[PDB]
Amino acid sequence: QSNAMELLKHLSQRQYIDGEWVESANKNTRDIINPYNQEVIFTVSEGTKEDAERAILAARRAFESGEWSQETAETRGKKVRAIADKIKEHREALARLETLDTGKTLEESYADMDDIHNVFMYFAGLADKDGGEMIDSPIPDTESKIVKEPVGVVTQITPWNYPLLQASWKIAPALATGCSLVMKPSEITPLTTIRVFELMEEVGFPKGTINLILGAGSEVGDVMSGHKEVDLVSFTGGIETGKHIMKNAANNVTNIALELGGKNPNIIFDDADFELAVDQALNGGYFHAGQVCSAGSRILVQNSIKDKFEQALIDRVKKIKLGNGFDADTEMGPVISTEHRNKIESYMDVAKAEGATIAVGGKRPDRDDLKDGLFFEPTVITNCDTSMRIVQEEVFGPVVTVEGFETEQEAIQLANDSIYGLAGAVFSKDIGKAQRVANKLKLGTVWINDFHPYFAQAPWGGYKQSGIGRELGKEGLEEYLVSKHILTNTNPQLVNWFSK
Amino acid sequence: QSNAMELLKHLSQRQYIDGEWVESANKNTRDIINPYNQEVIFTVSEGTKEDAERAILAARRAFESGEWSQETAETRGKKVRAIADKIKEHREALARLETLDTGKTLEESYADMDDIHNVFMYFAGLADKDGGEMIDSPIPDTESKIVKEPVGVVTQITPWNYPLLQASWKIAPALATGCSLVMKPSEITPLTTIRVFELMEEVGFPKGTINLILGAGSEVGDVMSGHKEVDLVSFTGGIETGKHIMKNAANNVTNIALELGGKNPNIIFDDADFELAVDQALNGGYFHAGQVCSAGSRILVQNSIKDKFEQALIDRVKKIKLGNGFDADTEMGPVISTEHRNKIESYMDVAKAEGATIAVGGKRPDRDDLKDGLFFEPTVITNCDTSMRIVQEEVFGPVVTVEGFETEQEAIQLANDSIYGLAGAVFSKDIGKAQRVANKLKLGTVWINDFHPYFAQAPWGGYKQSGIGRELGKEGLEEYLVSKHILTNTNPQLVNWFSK
Amino acid sequence: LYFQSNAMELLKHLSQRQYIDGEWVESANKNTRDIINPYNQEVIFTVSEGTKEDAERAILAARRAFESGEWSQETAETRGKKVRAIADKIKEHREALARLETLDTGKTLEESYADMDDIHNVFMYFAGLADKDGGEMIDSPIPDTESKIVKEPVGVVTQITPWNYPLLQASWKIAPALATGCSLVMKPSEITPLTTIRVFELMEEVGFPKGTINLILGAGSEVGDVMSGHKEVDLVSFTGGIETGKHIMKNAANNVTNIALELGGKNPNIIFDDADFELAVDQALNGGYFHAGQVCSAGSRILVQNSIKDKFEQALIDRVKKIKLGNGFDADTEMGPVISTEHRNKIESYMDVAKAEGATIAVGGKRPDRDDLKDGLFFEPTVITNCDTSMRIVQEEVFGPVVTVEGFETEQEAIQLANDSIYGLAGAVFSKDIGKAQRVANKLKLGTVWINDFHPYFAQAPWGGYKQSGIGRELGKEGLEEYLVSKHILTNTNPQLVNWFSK
Amino acid sequence: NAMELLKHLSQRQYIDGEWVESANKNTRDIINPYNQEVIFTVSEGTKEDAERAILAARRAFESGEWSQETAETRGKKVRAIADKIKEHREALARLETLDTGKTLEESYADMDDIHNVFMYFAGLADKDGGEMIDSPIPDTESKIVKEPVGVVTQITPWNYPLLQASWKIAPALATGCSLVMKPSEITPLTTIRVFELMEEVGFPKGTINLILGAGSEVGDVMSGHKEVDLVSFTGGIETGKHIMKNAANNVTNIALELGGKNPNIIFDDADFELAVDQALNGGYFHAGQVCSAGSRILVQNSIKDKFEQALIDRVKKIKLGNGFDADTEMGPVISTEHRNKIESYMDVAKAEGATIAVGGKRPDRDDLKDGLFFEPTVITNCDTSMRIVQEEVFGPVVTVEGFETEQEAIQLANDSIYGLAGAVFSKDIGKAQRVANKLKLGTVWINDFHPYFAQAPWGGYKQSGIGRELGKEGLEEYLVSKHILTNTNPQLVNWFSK
Ligand SMILES: NC(=O)c1ccc[n+]([C@@H]2O[C@H](COP(=O)([O-])OP(=O)(O)OC[C@H]3O[C@@H](n4cnc5c(N)ncnc54)[C@H](O)[C@@H]3O)[C@@H](O)[C@H]2O)c1
Ligand code: NA
Ligand code: NA
Ligand code: NA
């Protein structure tokens with residue numbers, strides 16, 4: 001862990017606007033915390049509205065200059081590839097900074113860095129593969145083509161749980177398509193985003209193509225979502241903030257891409273491989289202490305094996321090892337902040353009040369090495385039903401609910417009974433049945449006999465309140481493009497509708 | 001005309017909800033006017049917000065039943081084709097009804113009916129051509145596929161200028177993809193939309209798949225944009241209402257598709273075919289009395305031919321024949337309502353007060369055959385510049401402004417100097433220069449040596465404040481689809497992250 | 001009830017001629033050919049037997065039409081409306097066309113109805129595809145250039161079809177050719193021209209420019225080499241057997257002409273112990289015996305898991321004994337006759353091949369003796385057992401109402417055996433374990449694999465073979481693509497002298 | 001020093017993971033066409049070697065080590081090959097110049113292209129695994145999965161050896177195929193070198209194989225073996241036709257690129273000195289030995305005389321010499337046999353009445369005496385009926401025909417058996433576009449001559465070939481479609497009695 005602290009000795013503490021590392025316009029700063037020990041680890045600039053607007057205007061100026069937007073797609077791909085290579089080269093430092101900033105295990109952080117390399121690499125390869133189309137015009141003597149152009153100036157806002165990963169999903173396609181961008185990471189987790197800006201700067205982009213704003217969402221966020229020079233706002237986070245952003249984006253009829261979490265079902269039939277299902281239910285509920293957009297917080301298990309499954313899950317939950325993300329034996333780290341731990345704690349009272357049982361966990365751990373950190377015990381909530389708040393709302397902590405179902409129709413009905421629609425799983429050795437269910441779930445991603453996979457090759461996003469648009473895949477790239485129909489009349493003749 | 005009045009004797013006067021023609025829940029009605037003579041030609045139900053809610057719930061019930069959403073794409077295509085055939089079969093009566101309701105010339109209405117038949121035909125043919133893709137998974141022993149499903153329940157709101165045409169652009173892809181829909185036409189122009197619902201009923205769709213709500217947006221529009229069971233709201237009209245709709249859609253993180261008009265440039269270089277340019281300047285400015293999303297209201301003409309151009313334009317403008325749309329000699333009909341004529345009128349005062357010249361036109365005709373209708377003279381405004389409201393704001397009437405430009409670079413700068421980005425034209429015999437300009441205009445559609453063309457094969461929509469999303473083409477169909485990534489782990493193994 | 005006689009009355013109004021450059025014409029030498037009904041071997045019609053000079057004239061008319069641009073430069077949207085119009089003509093004459101196909105080929109009327117419904121949908125699919133993809137805009141790596149790929153009709157196409165599903169195979173070739181803007185010259189099998197003549201009559205009513213569509217009638221040995229080897233042909237599309245297909249490809253090579261070939265198969269039907277047993281017996285029958293096994297996709301090679309082989313063989317044999325043979329026009333008929341004297345001789349010869357190599361004819365293997373079948377080209381549905389992969393009866397395409405049954409021990413063995421042929425067209429896997437079926441499907445070298453089904457093909461998806469089963473695809477977007485050619489147009493928008501060479 | 005590079009270069013075939021000699025111990029001498037010096041000696045492979053390599057490629061394919069590797073990972077390896085080409089660009093350029101005679105600057109350009117070809121296909125590898133289909137049958141799921149085509153044989157020619165190899169190798173590897181490649185027997189150096197570089201990157205045993213030797217000995221095995229799924233060949237029409245006839249024996253897919261008679265259409269309103277500049281480039285780069293060489297100039301009648309004299313005056317100034325010397329503009333032709341063919345065509349042209357306006361012979365100068373040089377040539381007063389106009393000479397020779405109308409230019413340009421590429425020069429871009437639309441060519445340039453790149457497909461109409469190389473279409477030659485149809489609620493049909 002002190003080796004990670006050493007990394008901070010060379011890390012920038014500033015915003016990056018129009019090709020320069022700059023302080024806040026009023027010199028304000030913010031102290032960054034390590035959730036493992038609640039110690040202040042770094043101090044960064046806290047930007048102003050003026051800074052955010054300046055970055056947006058620099059992005060517009062750069063976009064209009066054409067240096068990046070009119071560069072060949074092949075060359076843009078090379079630059080995006082160079083970024084992927086930097087990430088891999090600095091994987092260790094990046095993974096350690098991510099663990100320090102966010103608390104999750106170092107092995108999870110390394111996995112994030114592998115994913116990030118692959119995201120940049122995927123978009124590097126896609127950059128030059130589709131420039132638009134030739135249309136067969138229904139009008140004689142005309143030519144019709146659709147040209148795909150970069151959407152323009154894009155603002156990008158990320159959350160605190162997977163900072164660099166979420167940033168990469170936005171940055172890679174933006175750069176690949178020729179856009180100029182302004183990014184703002186979560187004010188409590190800026191370290192790896194600062195670092196990636198330092199790396200991108202070495203790759204070499206024209207002034208203003210990339211810009212980094214650091215600051216509170218209530219201060220600079222509205223500028224980023226409501227400015228008339230922005231062509232697209234892309235946000236990953238919670239529903240309350242996402243709705244706010246969308247309403248603000250409306251003022252200029254600005255494109256929005258949103259991913260807003262979920263209430264992700266994990267559907268376990270009685271003909272599932274039982275021990276696989278237990279394993280994956282643990283993984284679904286407790287990776288990163290449940291702070292994952294796709295966390296499997298809502299377990300739905302067939303009635304015939306429900307009690308056995310609950311007991312098996314509880315027995316394993318008792319063995320989950322909490323601690324420092326830098327310690328190799330740690331299986332689950334702390335939650336992100338005092339506010340977030342307070343949210344999770346409040347839900348325990350809620351669950352009990354509405355009739356559910358806390359079968360295991362449901363409080364902070366007592367153990368000595370955990371008392372100064374933001375820890376919360378992995379928790380199983382039983383005797384639940386779909387009417388309850390603890391089932392319907394995104395807790396975003398190390399908490400899972402267990403509900404029973406009798407039939408395949410009942411599972412589908414329950415799984416779809418939420419305001420969300422991000423991801424979910426179906427476990428059954430009967431692949432035919434699993435497919436039937438998968439076809440009926442209103443979710444952007446359905447895993448059959450798995451839990452958690454996402455990758456650059458495939459689009460990710462939500463039905464219903466889980467979002468608008470997609471990230472990753474060809475659809476992810478398309479968020480950063482705009483279509484133009486250029487129609488040429490090759491034998492123009494007067495219409496003579498109006499009197500001569 | 002009186003035979004079109006005879007047509008009304010058989011037209012429905014009601015809403016269509018859940019397979020039934022039905023009155024308003026409050027029994028309220030609205031009188032429909034003919035703008036040519038301001039006479040009441042028809043009376044229809046004025047629905048309530050509970051009617052809109054009921055239609056939405058019926059559309060959701062139908063969608064979940066699967067009767068349409070799970071029908072084969074091939075069969076959905078055949079039913080869309082059957083609607084197309086009905087449009088052609090009833091072309092004469094439909095064109096007459098459109099002229100009666102909107103005031104446009106019969107020729108214009110026939111052209112509209114021919115386009116509508118082709119829109120339905122296009123989407124009928126697209127219905128079974130793309131169900132998603134197979135993905136090359138980066139995870140060994142996994143199968144990854146992206147399945148494209150209908151987006152779900154969609155609400156569709158249309159304007160009064162091209163009622164049935166705009167309806168076709170939304171209805172055709174919605175039905176082709178398997179969505180259930182709730183449509184609400186402009187309260188002052190419901191006639192052809194009622195008629196097409198009659199024709200769709202004849203083709204036959206499951207109960208709840210198609211629903212027609214009649215009434216003012218100030219009453220039922222908030223339900224249509226803000227209800228939780230809606231998956232996509234698609235709107236065509238003005239910016240004010242579009243913004244309000246988007247803010248309301250945000251409450252449920254609902255997809256939006258918007259087309260909100262434009263300030264469309266018509267750029268004429270000194271090396272244009274002169275007489276072609278004059279002809280098309282007239283066509284761009286005055287078809288449907290300038291009430292076109294893509295009307296060419298902002299003429300930019302190269303300085304060396306400016307005086308020549310304005311005199312030729314103005315001399316042609318004086319010869320424009322106003323009158324009854326049913327009269328074959330009419331070149332321009334009336335504007336749509338007293339409210340809209342009043343807005344156009346008020347802009348003449350703005351133009352004069354800010355320093356522009358009304359070169360010709362600028363008033364209501366008062367002659368016998370026009371005095372009783374909502375006519376407004378075709379108008380040319382000169383000696384204006386980009387700082388003026390008359391240049392920046394969409395008047396949406398039979399009015400054009402004329403600005404000069406010195407160079408190709410200045411033409412592009414002026415053309416892009418508006419909040420809009422829908423469509424525009426470049427006129428020049430130097431095709432190379434026309435293409436350079438077309439690549440730099442921030443517009444969804446650019447015509448080279450033409451003005452007005454749109455067709456089902458190519459997407460249509462705006463950059464900037466002209467909208468979000470596209471209609472027509474494969475991209476328009478994609479508004480009505482949602483992607484689902486189904487990932488199957490074909491050799492699942494325990495991860496064993498958490499201790500045994 | 002009077003259906004056969006009413007079908008025969010149709011022939012009184014059917015053209016007997018070729019259709020070349022907008023006109024119905026006799027053969028240049030006035031030769032003719034008698035067409036028979038395989039049910040009774042009677043002559044039912046006489047048609048012109050064209051010459052190589054007629055074939056050449058039609059190719060030159062297709063080339064002239066192509067170059068005129070009336071169809072090739074017509075808008076895609078309008079081409080699509082015309083292809084739809086053909087689709088609607090097919091539906092308008094469904095009954096007559098189906099009856100004609102039964103009269104000419106012998107298969108049951110119910111089978112012919114299904115063909116006509118399929119044909120309607122093939123034309124409708126391609127009508128709808130016609131205006132959906134004109135090419136692509138390319139991201140040029142050269143500054144100050146514009147790059148696009150335009151898709152154009154491939155040009156003049158010759159199309160040669162076989163005798164088993166004459167109108168269906170014709171539709172697979174004609175539909176995309178017309179949708180894309182090609183000119184075509186079609187030659188149906190000499191022994192089965194009736195529905196193809198009728199469809200030409202219907203296409204003429206729809207209306208196409210002179211020379212866009214041409215029909216040649218004649219023996220492949222007389223006019224075929226002209227159709228595969230003429231310098232003015234851009235693509236030769238053929239469906240039939242391997243020997244003719246290879247000959248055609250070698251002749252097409254003389255002008256480096258594109259070929260699309262579908263040459264039959266040795267299609268495996270893989271039945272696991274955990275299959276739905278009665279479903280597998282039902283589909284083994286369907287696989288083996290629809291159209292008397294004269295189907296490119298026939299399931300002639302049954303591979304059954306050893307643990308249920310005896311039970312399966314017994315169940316299949318008992319059902320085979322019940323199959324009702326007879327006239328295709330009779331409602332109770334389940335299987336009609338085979339197509340010709342020659343083809344029946346081939347099938348019979350393979351019975352002797354099988355026995356000589358040690359296989360058993362478990363049921364069937366002969367002409368039936370029942371009085372109402374004696375005058376027709378009937379052959380009993382047949383099951384051959386005690387087979388193995390080394391045998392010619394297992395390796396070679398018999399194309400008759402004959403199936404072989406081999407056992408396999410494991411999933412690995414089933415795959416190994418199924419892939420141990422020179423062919424690669426289609427096959428099926430029957431198992432309730434869908435994961436297992438999917439693993440097997442991924443390992444089979446076949447253009448189409450069905451999981452718990454047998455026979456489905458449709459316009460929406462490409463059909464064709466791996467290995468000796470073919471080259472290229474028919475149906476789907478890939479089928480359309482056979483009839484298109486890509487052109488890269490690259491415009492230098494800032495041209496400058498290279499100044500490489502001295503001045 | 002290119003000669004010193006040879007001290008470390010392999011002299012053997014690469015079969016099933018090993019560098020091996022042939023059972024034929026008579027090696028082949030490789031020549032530098034600039035001085036006709038023997039510069040290297042290599043194994044001459046046998047039929048038996050070719051068969052062994054095809055069997056190894058089949059074994060490797062069935063093993064799944066490459067064919068079932070993830071597309072993402074295959075892309076990474078193809079990228080690694082791209083990086084090797086860039087790392088070694090200088091050495092590879094010198095080897096290509098040494099082996100083929102072309103100028104060092106042209107060789108550098110090939111190497112930059114080659115890097116980009118591999119990089120393009122590396123990026124494409126994981127971008128399309130097939131389609132989901134909307135089945136017309138209720139309760140069925142339909143998907144089209146794209147698999148590697150299988151075992152592919154690849155045969156390349158002597159003019160652009162490594163470039164032509166890259167066009168085939170890159171998509172084969174990206175898609176998961178196993179390959180057996182055989183370069184032209186007279187130009188194997190850069191192909192040997194790239195196999196050494198691929199071995200460094202590392203591929204499963206048998207995935208890549210290099211056969212060296214005469215097509216007349218091993219070619220029939222490569223085109224006619226039953227275990228081959230696709231034969232991809234670039235060269236001349238008569239070998240191509242032979243290959244296609246042999247591939248028919250197993251109904252094997254073919255992709256052919258067979259050259260052309262490429263027109264260069266110059267209108268009166270073209271930029272005149274641009275058109276002269278580009279006519280020289282079209283005709284004489286690599287001494288005309290280019291699949292897409294602009295050997296057939298069609299010039300509008302108002303400027304024809306002026307154009308001909310301008311072109312002839314420039315042709316007289318073209319600098320012949322050693323490709324390694326910076327002043328050289330045009331190197332030698334490839335071989336004795338090829339120079340002989342060019343010479344024979346001059347006799348054909350004269351006997352049929354055409355005029356040899358300039359050139360048409362070997363040069364007289366002393367430093368050119370030892371090499372395979374041939375003078376850049378312009379033939380005038382000819383017409384479309386002549387063999388010299390219709391047939392691919394593939395040497396530093398152009399013909400000039402006049403025309404009046406754009407319709408005539410189109411008709412003459414299309415009046416050949418070929419259809420590979422061509423150009424239209426005119427400042428009237430609308431006119432150039434109308435012409436481009438009617439030309440039966442795989443690539444048409446407006447106001448340029450020669451460009452090709454990985455992003456766009458390349459190939460011929462008519463006798464110029466079958467299929468495409470480069471672009472997404474090029475990748476598609478190396479894939480095969482499989483429709484997997486699952487019936488999700490299977491019911492008995494009950495057609496047959498029970
Ligand atoms: N398209 C091009 O870029 C290109 C390149 C070289 C030659 N050509 C044309 O072809 C003419 C003849 O040239 P060439 O004879 O030197 O080349 P060719 O057409 O025979 O092509 C050479 C390649 O084909 C191989 N080959 C020869 N016989 C073979 C066989 N039976 N089976 C398989 N492969 C075989 C050679 O070993 C070599 O790899 C030239 O004059 C020129 O017109 C075109
Ligand atoms: Na932190
Ligand atoms: Na017959
Ligand atoms: Na050499």
Side-chain angles (χ1 to χ4, degrees), chain C residues 121 138-142 147 149 242 245-246 249-250 253-256 258 261 263 276 278-279 282 285-286 289 319 322-324 334 441 446-453 456 458 460-463 466-468 470-471 473 478 485-492 495 497-503, chain D residues 116 133-137 142 144 237 240-241 244-245 248-251 253 256 258 271 273-274 277 280-281 284 314 317-319 329 429 436 441-448 451 453 455-457 461-463 465-466 468 473 480-487 490 492-498:
Chain C
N121 283 329
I138 298 294
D139 290 320
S140 183
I142 310 176
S147 174
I149 307 309
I242 39 168
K246 294 174 173 173
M249 180 170 169
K250 289 168 181 294
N254 294 316
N255 294 109
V256 200
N258 294 284
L261 303 170
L263 308 179
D276 175 328
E278 289 305 346
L279 174 70
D282 180 77
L285 290 163
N286 298 339
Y289 307 114
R319 290 286 291 280
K322 300 187 194 290
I323 294 177
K324 305 191 158 200
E334 293 165 2
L446 297 170
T448 302
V449 183
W450 305 294
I451 292 173
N452 297 317
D453 212 325
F458 43 72
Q460 291 73 15
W463 177 269
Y466 286 50
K467 295 154 56 177
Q468 296 205 33
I471 286 170
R473 292 287 182 279
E478 271 185 79
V485 60
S486 294
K487 176 185 284 161
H488 177 203
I489 304 181
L490 185 66
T491 302
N492 189 331
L497 277 60
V498 178
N499 292 316
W500 178 273
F501 292 104
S502 287
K503 74 182 69 171
Chain D
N116 288 329
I133 297 298
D134 253 296
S135 177
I137 305 173
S142 174
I144 307 309
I237 190 163
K241 286 176 179 178
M244 179 176 167
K245 295 176 178 286
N249 294 317
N250 294 109
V251 203
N253 296 280
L256 300 181
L258 310 176
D271 176 329
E273 294 294 351
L274 174 70
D277 177 80
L280 291 160
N281 300 337
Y284 307 111
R314 294 288 294 281
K317 300 176 179 303
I318 295 180
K319 294 185 172 178
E329 298 165 2
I429 304 304
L441 304 167
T443 299
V444 184
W445 303 294
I446 293 171
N447 296 321
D448 210 326
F453 40 77
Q455 294 77 3
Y461 286 46
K462 299 151 56 182
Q463 295 206 29
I466 295 175
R468 289 290 179 282
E473 257 182 281
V480 59
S481 294
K482 168 184 294 170
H483 177 201
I484 303 180
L485 180 295
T486 307
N487 183 330
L492 278 52
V493 182
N494 290 311
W495 175 278
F496 294 104
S497 297
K498 58 181 71 178

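What's counted below: heavy atoms across the whole structure, side chains too, no hydrogens, waters or symmetry copies. Just so we're on the same page: letters track the sequence lines, and every chain starts at 1.
- Using a 4.5 Å cut-off between heavy atoms, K324(C) contacts chain D through its side chain alone, with no backbone atom that close.
- Side-chain contact between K462(D) and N255(C) is absent, with no heavy-atom pair separated by less than 4.5 Å.
- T491(C) touches chain D through backbone and side chain together, each having a heavy atom under 4.5 Å away.
- Taking CG of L279(C) as the reference point, atom CG of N487(D) lies at 8.0 Å (rounded to 0.5 Å).
- Within the 4.5 Å cutoff, no side-chain heavy atoms of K317(D) are placed close to those of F501(C).
- The minimum heavy-atom distance linking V480(D) with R473(C) is given by the pair CG2-NH2, 3.5 Å.
- Proximity to chain C involves both the backbone and the side chain of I484(D), based on heavy atoms less than 4.5 angstrom apart.
- In terms of heavy-atom pairs under 4.5 angstrom with chain C, the leader among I133(D), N249(D), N116(D) is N249(D).
- Remark: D282(C) pairs with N286(C), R319(C), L492(D), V493(D), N494(D) by the side chain to side chain contact (heavy atoms under 4.5 Å, CB included) rule, at least two apart or across chains.
- Using a 4.5 Å heavy-atom threshold, the side chains of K246(C) and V251(D) count as touching.
- Panel note: side chain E329(D), backbone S502(C); a donor-acceptor pair is recorded below 3.5 Å.
- Among the candidates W445(D), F453(D), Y461(D), the single residue satisfying the ring pair (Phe, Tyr, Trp, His ring centres under 6.0 Å) test with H488(C) is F453(D).
- If you measure heavy-atom distances from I144(D) to chain C, the contacts under 4.5 Å come from the side chain alone.
- Across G240(D), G442(D), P490(D), the residue that shares the most heavy-atom pairs under 4.5 angstrom with chain C is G442(D).
- A heavy-atom distance below 4.5 Å is found between the side chains of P451(D) and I142(C).
- Using a 3.5 Å distance cut-off with no hydrogens or angles, the side chains of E478(C) and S481(D) do pair a donor with an acceptor.
- For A441(C) against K482(D), the heavy-atom pair with the smallest separation is O-NZ, 2.8 Å.
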